[PDB]
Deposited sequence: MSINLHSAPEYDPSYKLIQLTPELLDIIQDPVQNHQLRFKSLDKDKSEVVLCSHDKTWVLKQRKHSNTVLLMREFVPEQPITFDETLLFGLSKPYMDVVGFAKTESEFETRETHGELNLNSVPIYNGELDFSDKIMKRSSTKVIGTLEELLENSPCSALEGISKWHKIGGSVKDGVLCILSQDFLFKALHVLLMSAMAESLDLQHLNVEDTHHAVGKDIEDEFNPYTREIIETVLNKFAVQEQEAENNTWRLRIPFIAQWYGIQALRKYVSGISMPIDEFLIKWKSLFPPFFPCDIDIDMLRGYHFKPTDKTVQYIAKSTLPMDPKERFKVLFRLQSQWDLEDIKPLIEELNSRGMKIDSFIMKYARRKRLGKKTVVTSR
């Protein structure tokens, strides 16, 4: 048997944390895990690896939980045992050093950026104005500082920074406006073809040079930092960058849909032409209406019209109602992105659809229609 001892005071600096399989593996790797919080008395505490984020929660319970450790007695522990039964001789001693009335639970969470003193850049030069007419006075200068004050991991943060089009100007972190981001892409693309650059292997220096070599600097907002931002948004690097041509085509197509087929429909091949015309000349891409799945519907099979998902009814039977009203027969994957959000009980997505829709075979192909 084991002799059980207790101290007169427990130490509450000892606490229990759930180690999910992934966290467990890291803890046995062989300082890769980090606790973080915006402040000391207010905000959530998160736990971060290089690559992932967990949130901490605590849950009190009603039982006694003693944490006990083996100890070596200074003197042998002698006492009269008075009964036999079901109790072998002591062979070791343990002492309760902590008593916990709760667990800290660890749950996977989406890392996010803390964007508070960070301005939008639209951006004329003499950005000093927007810098000094801001929220704080304090400047967030570096991405590292931004990350340090964020509820997310290094890699989650960098990835979001690239996806929202983060940049820096005059030593001040900023975020590019949708308009300027798009405009900056357009100018970078124009210039890259004009100088016969390798769009699979771009770098900041050559691309920066290509953009500004015939522009007077004091009127050139496309700094190296801006060029890097645009590459990290619309390209993939590795150390050079590779342009994401389909992503870029879609980006233009969505604008086209908004401009030409917002309240109105248009023949698909005639729309393609107008979509194609927004590109800078000679831009190598073959455009296809299926790149705009989730952003359009087809009132007839040879017409197209724009749709914003956000306008749709929230109840899924209502959503399916409105879509079939707009278009009787849907190719299966045209309609999937417009209804996935409502699939809350994580059904397999094609089961979710057959709950509200019917499959119908025409020629060879399979379409979907209302039940």
Original post:
In sequence order, which deposited residues have no C-alpha?
Top reply: 1, 32-34, 243-247
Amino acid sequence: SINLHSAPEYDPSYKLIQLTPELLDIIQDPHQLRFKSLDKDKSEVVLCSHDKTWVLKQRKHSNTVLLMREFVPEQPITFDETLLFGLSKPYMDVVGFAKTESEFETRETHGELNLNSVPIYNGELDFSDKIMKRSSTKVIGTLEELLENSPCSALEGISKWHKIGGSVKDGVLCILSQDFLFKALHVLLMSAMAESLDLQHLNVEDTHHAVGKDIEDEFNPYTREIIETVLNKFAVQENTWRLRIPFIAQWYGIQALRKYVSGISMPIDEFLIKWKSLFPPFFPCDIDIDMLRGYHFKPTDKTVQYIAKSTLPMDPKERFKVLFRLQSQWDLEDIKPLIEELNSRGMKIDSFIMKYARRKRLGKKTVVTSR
From here on, numbers count along this sequence of modelled residues.
Original post:
Between 38-46 and 61-69, which has the higher average C-alpha B-factor in the PDB entry?
Top reply: 38-46
**OP:** Could you settle it for me: does 125-133 or 105-113 have the higher average Cα B factor in the PDB entry?
**Re:** 125-133
Original post:
Which of these has the highest Cα B-factor in the record: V304, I27, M314, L56?
Top reply: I27
**OP:** By the entry's C-alpha temperature factors, tell me which of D93, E228, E144, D198 sits highest.
**Re:** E144
Original post:
Mind checking which third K213 falls in for C-alpha B-factor across the chain?
Top reply: highest
Subject >> Among modelled residues of the same chain, the CA temperature factor third for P267 >> reply: middle
Subject >> Relative C-alpha B-factor of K233, binned into the chain's lowest, middle or highest third >> reply: lowest
**OP:** Pull the Cα B-factor of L4 out of the PDB entry and bin it into the chain's lowest, middle or highest third.
**Re:** lowest
**OP:** Check where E205 lands among this chain's C-alpha B-factors and tell me if it's the lowest, middle or highest third.
**Re:** middle
